[PDB]
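*Asks:* Got a structure for you, written out below as structure tokens; questions coming shortly.
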Amino acid sequence: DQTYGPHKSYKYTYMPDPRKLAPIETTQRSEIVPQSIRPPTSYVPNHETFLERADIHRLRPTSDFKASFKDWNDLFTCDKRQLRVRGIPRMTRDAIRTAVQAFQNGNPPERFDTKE
Amino acid sequence: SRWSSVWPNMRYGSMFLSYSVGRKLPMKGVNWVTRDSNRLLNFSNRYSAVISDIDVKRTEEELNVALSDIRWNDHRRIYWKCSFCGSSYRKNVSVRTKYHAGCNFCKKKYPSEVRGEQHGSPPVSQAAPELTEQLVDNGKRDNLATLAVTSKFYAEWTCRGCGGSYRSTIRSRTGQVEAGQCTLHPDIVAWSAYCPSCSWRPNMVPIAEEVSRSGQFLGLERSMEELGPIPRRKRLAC
Amino acid sequence: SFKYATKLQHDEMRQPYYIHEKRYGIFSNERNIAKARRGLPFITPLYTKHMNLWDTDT
Amino acid sequence: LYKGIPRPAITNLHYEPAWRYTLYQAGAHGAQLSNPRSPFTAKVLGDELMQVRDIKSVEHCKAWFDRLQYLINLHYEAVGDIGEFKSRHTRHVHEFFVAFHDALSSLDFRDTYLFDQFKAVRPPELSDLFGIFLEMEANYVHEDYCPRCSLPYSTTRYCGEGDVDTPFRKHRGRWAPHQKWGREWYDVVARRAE
Amino acid sequence: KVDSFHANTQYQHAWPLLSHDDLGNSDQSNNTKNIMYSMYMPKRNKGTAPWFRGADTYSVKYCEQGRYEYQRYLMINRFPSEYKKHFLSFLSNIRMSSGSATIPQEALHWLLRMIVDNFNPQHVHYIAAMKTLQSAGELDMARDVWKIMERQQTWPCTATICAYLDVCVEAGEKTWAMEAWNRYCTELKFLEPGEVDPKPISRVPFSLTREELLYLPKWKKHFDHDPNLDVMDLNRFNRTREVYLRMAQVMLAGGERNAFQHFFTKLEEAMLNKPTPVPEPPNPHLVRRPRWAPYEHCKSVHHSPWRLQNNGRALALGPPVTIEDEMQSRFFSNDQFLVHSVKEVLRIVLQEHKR
Amino acid sequence: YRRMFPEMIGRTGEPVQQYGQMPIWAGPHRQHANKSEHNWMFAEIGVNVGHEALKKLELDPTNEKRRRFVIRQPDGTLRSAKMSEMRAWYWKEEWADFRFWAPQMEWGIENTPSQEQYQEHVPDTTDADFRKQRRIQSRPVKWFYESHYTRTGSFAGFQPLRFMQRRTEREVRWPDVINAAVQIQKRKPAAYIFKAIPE
Amino acid sequence: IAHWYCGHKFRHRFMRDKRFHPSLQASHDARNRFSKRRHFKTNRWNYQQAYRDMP
Amino acid sequence: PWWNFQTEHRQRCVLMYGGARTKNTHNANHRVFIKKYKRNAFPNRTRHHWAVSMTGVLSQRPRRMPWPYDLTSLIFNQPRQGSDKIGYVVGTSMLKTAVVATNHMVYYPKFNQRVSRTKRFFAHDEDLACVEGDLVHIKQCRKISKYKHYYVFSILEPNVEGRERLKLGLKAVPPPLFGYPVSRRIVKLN
Amino acid sequence: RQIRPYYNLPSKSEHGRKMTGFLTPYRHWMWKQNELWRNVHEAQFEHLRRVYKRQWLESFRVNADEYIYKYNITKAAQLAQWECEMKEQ
Amino acid sequence: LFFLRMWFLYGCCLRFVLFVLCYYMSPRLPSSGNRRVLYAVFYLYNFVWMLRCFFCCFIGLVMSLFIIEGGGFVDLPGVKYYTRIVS
Amino acid sequence: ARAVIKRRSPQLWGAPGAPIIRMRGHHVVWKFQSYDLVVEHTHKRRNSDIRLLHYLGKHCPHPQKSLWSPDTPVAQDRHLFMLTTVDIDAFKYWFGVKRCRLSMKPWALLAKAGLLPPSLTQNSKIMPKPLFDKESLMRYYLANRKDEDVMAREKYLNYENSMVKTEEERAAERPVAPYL
RNA sequence: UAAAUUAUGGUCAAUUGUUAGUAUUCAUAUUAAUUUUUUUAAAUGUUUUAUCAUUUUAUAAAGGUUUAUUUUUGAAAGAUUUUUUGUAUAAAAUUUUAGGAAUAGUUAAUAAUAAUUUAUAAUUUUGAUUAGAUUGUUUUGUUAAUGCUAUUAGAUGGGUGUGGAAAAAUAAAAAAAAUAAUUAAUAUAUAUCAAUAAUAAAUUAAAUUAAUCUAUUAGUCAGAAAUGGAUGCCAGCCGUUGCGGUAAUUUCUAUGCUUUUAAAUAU
Ligand SMILES: [Mg+2]
Ligand SMILES: [Mg+2]
Ligand SMILES: [Mg+2]
Ligand SMILES: [Mg+2]
Ligand SMILES: [Mg+2]
Ligand SMILES: [Mg+2]
Ligand SMILES: [Mg+2]
Ligand SMILES: [Mg+2]
Ligand SMILES: [Mg+2]
Ligand SMILES: [Mg+2]
Ligand SMILES: [Mg+2]
Ligand SMILES: [Mg+2]
Ligand SMILES: [Mg+2]
Ligand SMILES: [Zn+2]
Ligand SMILES: [Zn+2]
Ligand SMILES: [Zn+2]
């Protein structure tokens, strides 16, 4: 009728493998394709102007977060994880990061405000 | 929250995790005392370097751990300051003694991990001596100049343009790589000359130039001028 | 003869797929996959029976 | 017999070999160069293109040998102190060599292409290889160092201390004191040489 | 199969063991040998020795095998209706599979696929493939069609022979037409006063008496539409004179005067002294019976204000290329066919000069 | 044996060769792309490939339907797979032939790590394991000093009965204390005492 | 045998399985397997003159 | 991994090496029957449901599965299963319609044995040849009426006795003496 | 999506969408340029499309007619076998 | 195993019930004493059933609902269900 | 053409649309996650198997150490590995003959393999997108353009038939004496 | 109605309960499950367009179905100066209730017929129709094994009938007509039915990036393990024979002692 629980606890040793600890040849991908940051335009002079012209959606209230960025380089140095640390909500931070990388590609944050 | 429970990622370098009650419990039953036989300071005949790598100020502050209390095999993770490259890190003495573990930067010190000293490349002091002055000055610049010019060491430099400090690779800075390793970006030398933030402007000069000349820009230009007896196979086209 | 041979989720225990081609022609199912009502519950029946057991021919 | 249907003409194909065709060749389909070592491919590519083709395997092999003579020249005298707390271990060279020899001879990795390269790649001073290992056996027997792990007696308490690759210290295991020279280890070294 | 929490298709082909990070046995640093054997590897049932699927488990005799020899003859029959549907489909696919996207070679593909599917490639399919390929100016693939037909032991009708001789002439290879002649059209006759003119269809078509049905083995009752059965009745209209003409053309094309003189003389003599055979009505399958439509809803000729659009109801553009204004060659009298034959020979002289 | 059967030690192998790259019309703009961090292996699968039964025929360089592998080195080149890498894509194969020298067998005393062999952690010291009945161990590299023909293979193909067996049941139902024969173990004490151990 | 199927006893399961047994199936000889007794003696008092159209 | 024990499990997300990725459906649930009716009044005339009812088809024990191999597939090569059937003509009351009784096969793998079942079909005979008690060949075809997908392909055995019986003005076969069974007692005398 | 910038022709309407796609000539020129570049990509892309098409067709020819070779031999063998079994019969 | 004793667990291992009565009943000889039997109520598919079960539990400060588990047999004939805890 | 559109997962055209090669896997902890290269229709249903044309392969996005090959002092080989299984007969069929579509991630993969050029979405943000003017392009074109027939024949060999018959195999295939 | 050999070949079938005269698959066993424990999910605003419009965006609400669910290319793929084709809606098998009777817009012929065309009609005891229960024909568990025992979910009529196809009224995790984005896989605190966590459960330490967790039960007659103290057919124990009658190794309590160490107990 089985009230007694399992007959054995199967456990395997941990025995470190000298072959898996062997040094790994590494490259940094910043060596293969070098990272860089685009300098501000007259269109987008500040990080705050940027967060203003990337604000389109009612639910992507980008302009409200201006204080959570200290300067220009701070913006383009952010990635999504470290962007979550700073307490920006979800779809908002995706809007932000998307905008940034888009500006990096040569597409400035010029888009019509859909709120109305 | 919920997601707090997730185990972190354990990459290839790192051995056993000890994240579970089962994994914690048997080591919780080990209690160490420092006798004369365990004390690090007695063993300076061997481990002298390891002794001079310890942060004597910071460890007694944060960890409340005296330097006379530290075993040669000590499992506690204490603060270190690298006596080569001068960077701070936190590890256990046991791991530096049993195998060599130390500052993560000096792992990549040699040009390739697979073969440690096998480089035939000259040092930085020789091949590109003009780099030694751009190193951010911690006082260890004479040790960093000693490295291979092909070295993958991650070093910090003071940018010429804005005078600030950024972090790049020695070989990325020189451009030279060892035969049989992976080629870097052809432009890497020009691109790592400055900050990641200061780099754009100078390297956008020749492009504006080439669209000034011909009124048209294609990245093709370099490869074209590479063009101005090659063995080739018989073909089945006929 | 054992439990492992009960699991047909191995490809080694299961009559292969191509048989259904050999009976109905090659690439015949690509038609069936685009059908209006599919897989709820039912799909156009897939005939796989080892070719020495075929009732038709043998 | 002759009731029920006429005899299918294709039956003829059994008794008459005239009708067995294949309209096309094996690789006329565009695969002709699949076999790297076929004479057809040697005729199509020519020799210098085949050199270009296998250069990568040649430099693989040269890489193995270069590593080997680096380790040999490093650890050749078996006992010295080459680094901070690290000292020479013949065992390093040994185990690398075994990795090599397994690349060649093992049936799990079987990489045998490595051996087709020897008549070229192989260094002239490494031709004698087991001879060099015997010389290392002779150097390994020095008195100041432990007969088992070859660490120095004065500066070191245990077998395997401060060695990255040591067998003698395993994860949750214990430290073993240095073992001392005497007839036991003398004839151990001897049997190894043998 | 895919994308589910329990998805089996991803595990069904072999993979090297993954240790990127800790999978619960701390696989990044841990040597998994015993863990490999006793846990990770599938076993016959819980606790039994690991079940080995590797290459050493199967016998040697799997690699001793020639290709496709595991196959057995498959008799697949199907409804008569479905045969018509399928043959039609293959026909219109051999003509063209896609609009400008069709490669010439695709006709050959579709013929082959037709065989691979256990259908018999009837005469219409062969003629169609050959005409398509030749009209694409690709002559090797045409002969490849013929060789496929020969390998299937399908006896070519007179029409098929015509097509293949057209390919021969345009290729200018006499050595093909010779073997083709020798094998198939030898006994081909002309029509004389004592001949009966278009011969009635004599075939029974295939049925089974109840004793044939019950007592015979499975294969004797298996009827797949087989070209060979009606070959007699495809030939019932006597297209022979065409074959003789083509053959004259070939012997000329390959530069041989005696043989050409022979065929052309036979042909001439017969055309003068023997009755004109009754022509066959248009083949339903090669060319399609026009179906009735009202032409009312059509883009008018002037539909586009910028030009003259040709229309389904009438042609306003005018003929792009002059047409000869003669009925299909088989509708000629015998004297007319003599004339036609000479003009044909001349045309081949011209073609050979241009090659 | 070596003189009479020369072909039993393989001296030949399919050479690792570099494939020609497909031309990229986009030019330098995309040339960075295929050059990356890692190696990328690609093995083919399909109806004609991946079947263990046919394995040698599929690795046979003479066969033109031979299964295709490729590798992108981090610098962007492409090369054919080394034979090891080819064999990685088949279910693991065990070769041991017992006919001349004994192949090394798994689940032994000196093989099996602690937790499977005993249900307790036993320290691994290279000196004096009483449980394993050995006096001492010098620990050379396993296959170095031994002759190569002597190395035969490994055999895992059986149940390790101390560890895990089929159809596990209680040997004796009463008294309540006995379990299946795989549960052997020393008694855990009343609550643990930890003696400080530099000593 | 799962205990929820058919009756609370076991043998009820095998009594309904005899309904599906292959060699027990209903045919021209064995008929009305499930209720034989409702149809018993049903036509005793039903007088039917048999059908003859031939002398 | 279904071959690993209860205690041997580490990760529930993947198969480490190979094998079958298996979801455990919980077979032992102790499912029960709820009793909503009095044993006296159950709301059905012919049958009563007092326990848990086994469900599914082919999931049904003991398994009864389609058997392709029988007389019909023995004689015929069928393009589609049931495209040919041999049977007897039972009744013609409908113009151009022959009803046909036919046998097919079922296999019980538990007992390893076959049973013959029987089924009626409507077949279309244009021109009305079929007399009750003919042995006929029957084929699948175009939908003809609501229930007729089959047509009479060939008469294997005609009924010579029945035809001569008709020619004399009599019915092909004498009408069955008793009809369907009843649960009543009919007292009908003289 | 189709990107609608802010300097597109603003539609003044309260009954519908606020911005009509209509382009400043600059935007048109720009769009043309970008699209030229992607044309460069898709040229090679579809080139590879039809290349693989003929590759696959050719392999089908060769393997399928090898198949027809082996298969016909097989069914010829079976047919011979049968008519023999019937002579024996 | 006796499967009809479990009738009111309805395929579940444990039940929740409300207290109504507590009376006493005398076990089958040769066992003498008083067995405490609690008379409980619970509802399923909006039917209210009166369950009758053996009180082996510990009552503290006054409480209402119990947890019912089925056992083996007990001294007292006719009482299948037993008490685990009181809430 | 749904009255109330399914808002979250829109597409183009009616479903099922033209087959598209996708990467998809069930979501889980990042440590175990794999992907499937799958040819399927444009409009998926609840379970991805309902519309699934073919199964192209498994792709594991975890760099791995190569323990299958012997540890090799060669620098490049000891970079980590990324493993993927491609079915390329089905791929060339579907892509080439059936004219598929492609999502971007599978495109990056098949680019790494050498089946396709690198995608449209792979951007070194170092270089800009190029400029164009027609007169300069024209000067370059007039500078280099090959002969018409050469080009026509190249298009012939690439697009139409490749395997052709040299005069030799003609001579070897044409019948000999008794029927010649 | 004769043996066989050029010798282990064609790749592993193997069953573990301490019972109580005897007959009969039936309490206490192992494996699998429910009892059982927040490490894999997720928030609203779909989108263009020529402007009150028109293009793109087709199967998770419920009801309970066992002779049952079946289909095209005219959309997209799709290549091209204009017409171009044919194949489809149909069936066959497998179908549950302990004790069993009739069912019905109704069969077949005619035909773009007939709320009253013609006929000796159709379904059923070879188990119908109503009525109960139930989401149908690669998924599980046990097992040496023909078996037994699971498998979700998803197609619920018509009524200006749009659309290639009704699948058309919250509940995505399918990039949806300019490269939005790929340095991305992280999603905070919600849910539905799933997704097995006591992951070296105890001595030498983590080739880290140090982040989540402070973690315990049972027995003590039979059968590993007992003594005091109460209690006195009472109170209570009860997997089971049975125990409790002033000496209870079987209740309660205290203390020790026993265990082969992911727990007892219930189903
Ligand atoms: Mg359990
Ligand atoms: Mg089973
Ligand atoms: Mg029950
Ligand atoms: Mg009792
Ligand atoms: Mg629904
Ligand atoms: Mg019902
Ligand atoms: Mg049916
Ligand atoms: Mg139907
Ligand atoms: Mg409605
Ligand atoms: Mg005892
Ligand atoms: Mg008790
Ligand atoms: Mg007393
Ligand atoms: Mg006592
Ligand atoms: Zn350092
Ligand atoms: Zn700077
Ligand atoms: Zn030592």
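Ordering of the structure tokens sets the chain letters (A, B, ...), residue numbers begin anew at 1 in every chain, and ligands are numbered from 1 in the order given.
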Pick out the residues no farther than 9 Å from ligand 2, counting only C-alpha atoms (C1' of nucleotides) and all ligand atoms, and list them as an NGL selection string.
*Replies:* (:C and (2-3 or 6)) or (:L and (142-143 or 145 or 147-148))
*Asks:* Could the residues in this selection be written to a file with N, CA, C and O atoms (P, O5', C5', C4', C3', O3' and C1' of nucleotides), as a PDB file, in the first residue's frame?
*Replies:*
```
ATOM      1  N   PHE C   2      11.358  -5.848 -23.773  1.00  0.00           N
ATOM      2  CA  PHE C   2      11.342  -5.122 -22.521  1.00  0.00           C
ATOM      3  C   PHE C   2      10.623  -3.797 -22.637  1.00  0.00           C
ATOM      4  O   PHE C   2      10.051  -3.493 -23.672  1.00  0.00           O
ATOM      5  N   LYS C   3      10.667  -3.002 -21.575  1.00  0.00           N
ATOM      6  CA  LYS C   3       9.919  -1.759 -21.538  1.00  0.00           C
ATOM      7  C   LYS C   3      10.479  -0.722 -22.480  1.00  0.00           C
ATOM      8  O   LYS C   3       9.743   0.104 -23.000  1.00  0.00           O
ATOM      9  N   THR C   6       8.882  -0.594 -25.620  1.00  0.00           N
ATOM     10  CA  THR C   6       7.501  -0.147 -25.572  1.00  0.00           C
ATOM     11  C   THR C   6       7.425   1.306 -26.009  1.00  0.00           C
ATOM     12  O   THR C   6       6.459   1.730 -26.650  1.00  0.00           O
TER      13      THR C   6
ATOM     14  P     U L 142       7.056   2.164 -13.600  1.00  0.00           P
ATOM     15  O5'   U L 142       6.405   0.779 -13.176  1.00  0.00           O
ATOM     16  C5'   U L 142       5.747   0.659 -11.927  1.00  0.00           C
ATOM     17  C4'   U L 142       4.977  -0.629 -11.802  1.00  0.00           C
ATOM     18  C3'   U L 142       5.711  -1.879 -12.233  1.00  0.00           C
ATOM     19  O3'   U L 142       6.598  -2.369 -11.255  1.00  0.00           O
ATOM     20  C1'   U L 142       3.581  -1.870 -13.203  1.00  0.00           C
ATOM     21  P     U L 143       8.056  -2.865 -11.701  1.00  0.00           P
ATOM     22  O5'   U L 143       7.757  -4.127 -12.617  1.00  0.00           O
ATOM     23  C5'   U L 143       7.044  -5.235 -12.099  1.00  0.00           C
ATOM     24  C4'   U L 143       6.698  -6.229 -13.174  1.00  0.00           C
ATOM     25  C3'   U L 143       7.805  -6.612 -14.137  1.00  0.00           C
ATOM     26  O3'   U L 143       8.813  -7.445 -13.590  1.00  0.00           O
ATOM     27  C1'   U L 143       5.796  -6.304 -15.326  1.00  0.00           C
ATOM     28  P     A L 145       8.951  -7.526 -19.408  1.00  0.00           P
ATOM     29  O5'   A L 145       7.910  -8.602 -19.951  1.00  0.00           O
ATOM     30  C5'   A L 145       8.105  -9.267 -21.192  1.00  0.00           C
ATOM     31  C4'   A L 145       7.047 -10.317 -21.410  1.00  0.00           C
ATOM     32  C3'   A L 145       5.623  -9.796 -21.522  1.00  0.00           C
ATOM     33  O3'   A L 145       5.313  -9.391 -22.843  1.00  0.00           O
ATOM     34  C1'   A L 145       5.697 -11.605 -19.989  1.00  0.00           C
ATOM     35  P     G L 147      -1.712  -7.852 -24.807  1.00  0.00           P
ATOM     36  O5'   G L 147      -2.977  -8.456 -24.054  1.00  0.00           O
ATOM     37  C5'   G L 147      -3.674  -7.708 -23.071  1.00  0.00           C
ATOM     38  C4'   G L 147      -3.581  -8.377 -21.726  1.00  0.00           C
ATOM     39  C3'   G L 147      -4.113  -7.576 -20.558  1.00  0.00           C
ATOM     40  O3'   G L 147      -5.512  -7.710 -20.415  1.00  0.00           O
ATOM     41  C1'   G L 147      -1.978  -8.413 -20.021  1.00  0.00           C
ATOM     42  P     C L 148      -6.460  -6.453 -20.713  1.00  0.00           P
ATOM     43  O5'   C L 148      -6.433  -5.630 -19.349  1.00  0.00           O
ATOM     44  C5'   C L 148      -6.928  -6.207 -18.152  1.00  0.00           C
ATOM     45  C4'   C L 148      -6.091  -5.821 -16.959  1.00  0.00           C
ATOM     46  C3'   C L 148      -6.139  -4.362 -16.556  1.00  0.00           C
ATOM     47  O3'   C L 148      -7.282  -4.069 -15.775  1.00  0.00           O
ATOM     48  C1'   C L 148      -3.900  -5.112 -16.560  1.00  0.00           C
TER      49        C L 148
END
```
*Asks:* Tell me the residues of chain L close to chain C, meaning within 7 Å using only C-alpha atoms (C1' of nucleotides), as an NGL selection string.
*Replies:* :L and (13 or 154-155 or 165)
*Asks:* Keeping only C-alpha atoms (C1' of nucleotides), take the residues you just selected and write them out as a PDB file, in the first residue's frame.
*Replies:*
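After the write, again.pdb holds the following:
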```pdb
ATOM      1  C1'   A L  13      13.308 -11.949 -21.708  1.00  0.00           C
ATOM      2  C1'   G L 154      -8.932  20.948 -29.504  1.00  0.00           C
ATOM      3  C1'   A L 155     -14.611  21.614 -34.756  1.00  0.00           C
ATOM      4  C1'   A L 165     -11.459  28.807 -46.378  1.00  0.00           C
TER       5        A L 165
END
```
*Asks:* Kindly determine which residues of chain A lie within 9 Å of chain L, considering only C-alpha atoms (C1' of nucleotides), and give the answer as a PyMOL selection string.
*Replies:* chain A and resi 1-9+11-14+21-22+57-59+79-81+84+90-91+94-95+97-99+101-102+105
*Asks:* Could you write out that same residue set with N, CA and C atoms as an mmCIF file, in the first residue's frame?
*Replies:*
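Full text of selection.cif as output:
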```cif
data_model
loop_
_atom_site.group_PDB
_atom_site.id
_atom_site.type_symbol
_atom_site.label_atom_id
_atom_site.label_comp_id
_atom_site.auth_asym_id
_atom_site.auth_seq_id
_atom_site.Cartn_x
_atom_site.Cartn_y
_atom_site.Cartn_z
ATOM 1 N N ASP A 1 0.801 -1.221 0.000
ATOM 2 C CA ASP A 1 0.000 0.000 0.000
ATOM 3 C C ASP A 1 0.850 1.295 0.000
ATOM 4 N N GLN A 2 2.162 1.156 0.187
ATOM 5 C CA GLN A 2 3.146 2.239 -0.002
ATOM 6 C C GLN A 2 2.934 3.506 0.837
ATOM 7 N N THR A 3 3.194 3.405 2.136
ATOM 8 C CA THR A 3 3.320 4.581 2.989
ATOM 9 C C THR A 3 4.764 4.967 3.288
ATOM 10 N N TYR A 4 5.720 4.166 2.833
ATOM 11 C CA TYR A 4 7.068 4.242 3.405
ATOM 12 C C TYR A 4 8.098 5.140 2.713
ATOM 13 N N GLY A 5 7.793 5.682 1.544
ATOM 14 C CA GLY A 5 8.780 6.506 0.865
ATOM 15 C C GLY A 5 9.944 5.690 0.315
ATOM 16 N N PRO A 6 10.770 6.303 -0.544
ATOM 17 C CA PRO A 6 11.781 5.624 -1.367
ATOM 18 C C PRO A 6 12.774 4.766 -0.596
ATOM 19 N N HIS A 7 13.289 3.739 -1.261
ATOM 20 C CA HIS A 7 14.163 2.760 -0.637
ATOM 21 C C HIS A 7 15.603 3.224 -0.507
ATOM 22 N N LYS A 8 16.025 4.103 -1.400
ATOM 23 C CA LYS A 8 17.404 4.560 -1.403
ATOM 24 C C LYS A 8 17.484 5.990 -1.908
ATOM 25 N N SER A 9 18.495 6.727 -1.464
ATOM 26 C CA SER A 9 18.770 8.017 -2.055
ATOM 27 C C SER A 9 20.005 7.912 -2.939
ATOM 28 N N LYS A 11 22.942 9.072 -4.992
ATOM 29 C CA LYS A 11 23.755 10.270 -5.057
ATOM 30 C C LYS A 11 25.058 9.978 -5.767
ATOM 31 N N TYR A 12 25.491 10.897 -6.616
ATOM 32 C CA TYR A 12 26.746 10.711 -7.317
ATOM 33 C C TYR A 12 27.807 11.616 -6.731
ATOM 34 N N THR A 13 29.039 11.133 -6.722
ATOM 35 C CA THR A 13 30.146 11.901 -6.183
ATOM 36 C C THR A 13 30.340 13.143 -7.032
ATOM 37 N N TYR A 14 30.918 14.179 -6.445
ATOM 38 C CA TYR A 14 31.499 15.233 -7.243
ATOM 39 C C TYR A 14 33.011 15.044 -7.248
ATOM 40 N N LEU A 21 38.602 21.678 -16.586
ATOM 41 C CA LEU A 21 39.154 22.867 -15.954
ATOM 42 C C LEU A 21 40.303 23.444 -16.763
ATOM 43 N N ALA A 22 40.653 22.757 -17.842
ATOM 44 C CA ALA A 22 41.743 23.191 -18.706
ATOM 45 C C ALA A 22 41.438 24.566 -19.279
ATOM 46 N N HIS A 57 4.381 56.000 -27.256
ATOM 47 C CA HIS A 57 3.333 55.224 -26.612
ATOM 48 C C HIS A 57 2.882 55.839 -25.283
ATOM 49 N N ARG A 58 1.620 55.632 -24.928
ATOM 50 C CA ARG A 58 1.105 56.027 -23.624
ATOM 51 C C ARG A 58 1.762 55.174 -22.551
ATOM 52 N N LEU A 59 2.051 53.924 -22.908
ATOM 53 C CA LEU A 59 2.580 52.938 -21.967
ATOM 54 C C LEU A 59 4.082 52.774 -22.029
ATOM 55 N N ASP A 79 22.850 48.215 -20.571
ATOM 56 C CA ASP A 79 22.203 47.073 -21.209
ATOM 57 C C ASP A 79 20.951 46.736 -20.408
ATOM 58 N N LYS A 80 20.155 45.785 -20.889
ATOM 59 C CA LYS A 80 18.838 45.524 -20.311
ATOM 60 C C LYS A 80 18.877 45.110 -18.840
ATOM 61 N N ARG A 81 19.832 44.262 -18.459
ATOM 62 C CA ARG A 81 19.898 43.803 -17.072
ATOM 63 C C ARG A 81 20.190 44.966 -16.120
ATOM 64 N N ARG A 84 17.446 47.162 -15.681
ATOM 65 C CA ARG A 84 16.429 46.689 -14.749
ATOM 66 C C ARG A 84 16.817 46.994 -13.311
ATOM 67 N N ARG A 90 9.036 47.417 -17.378
ATOM 68 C CA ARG A 90 9.450 46.457 -18.383
ATOM 69 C C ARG A 90 9.397 46.972 -19.832
ATOM 70 N N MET A 91 8.189 47.159 -20.357
ATOM 71 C CA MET A 91 8.053 47.546 -21.756
ATOM 72 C C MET A 91 8.656 48.929 -21.999
ATOM 73 N N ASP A 94 12.350 48.336 -22.576
ATOM 74 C CA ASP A 94 12.548 47.803 -23.927
ATOM 75 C C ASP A 94 12.425 48.903 -24.981
ATOM 76 N N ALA A 95 11.481 49.821 -24.793
ATOM 77 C CA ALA A 95 11.395 50.985 -25.671
ATOM 78 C C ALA A 95 12.702 51.771 -25.674
ATOM 79 N N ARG A 97 15.911 50.900 -24.690
ATOM 80 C CA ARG A 97 17.038 50.173 -25.259
ATOM 81 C C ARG A 97 16.915 50.045 -26.784
ATOM 82 N N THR A 98 15.713 49.702 -27.248
ATOM 83 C CA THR A 98 15.412 49.664 -28.682
ATOM 84 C C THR A 98 15.769 50.989 -29.353
ATOM 85 N N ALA A 99 15.362 52.089 -28.724
ATOM 86 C CA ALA A 99 15.601 53.421 -29.261
ATOM 87 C C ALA A 99 17.083 53.698 -29.382
ATOM 88 N N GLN A 101 19.781 51.525 -29.440
ATOM 89 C CA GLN A 101 20.428 50.717 -30.465
ATOM 90 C C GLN A 101 19.999 51.154 -31.866
ATOM 91 N N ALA A 102 18.770 51.650 -31.984
ATOM 92 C CA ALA A 102 18.272 52.139 -33.263
ATOM 93 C C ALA A 102 19.024 53.393 -33.673
ATOM 94 N N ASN A 105 22.307 52.548 -35.061
ATOM 95 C CA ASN A 105 22.260 51.993 -36.413
ATOM 96 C C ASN A 105 22.204 53.054 -37.499
#
```
*Asks:* Quick one: everything within 10 Å of region 79-95 of chain E, counting only C-alpha atoms (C1' of nucleotides), minus sequence neighbours fewer than 5 positions away in the same chain. Send it as a PyMOL selection string.
*Replies:* (chain E and resi 102+104-111+113-114+119-122+124-126+128-133+224-225+285-286) or (chain H and resi 78-80+83+140-141) or (chain L and resi 85-87)
*Asks:* Show me, as a PyMOL selection string, the residues that have an atom within 10 Å of residue 89 (chain K) when counting only C-alpha atoms (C1' of nucleotides), minus same-chain residues fewer than 2 positions from it.
*Replies:* (chain F and resi 44-48) or (chain I and resi 52+55-56+59) or (chain K and resi 56+86-87+91-95)
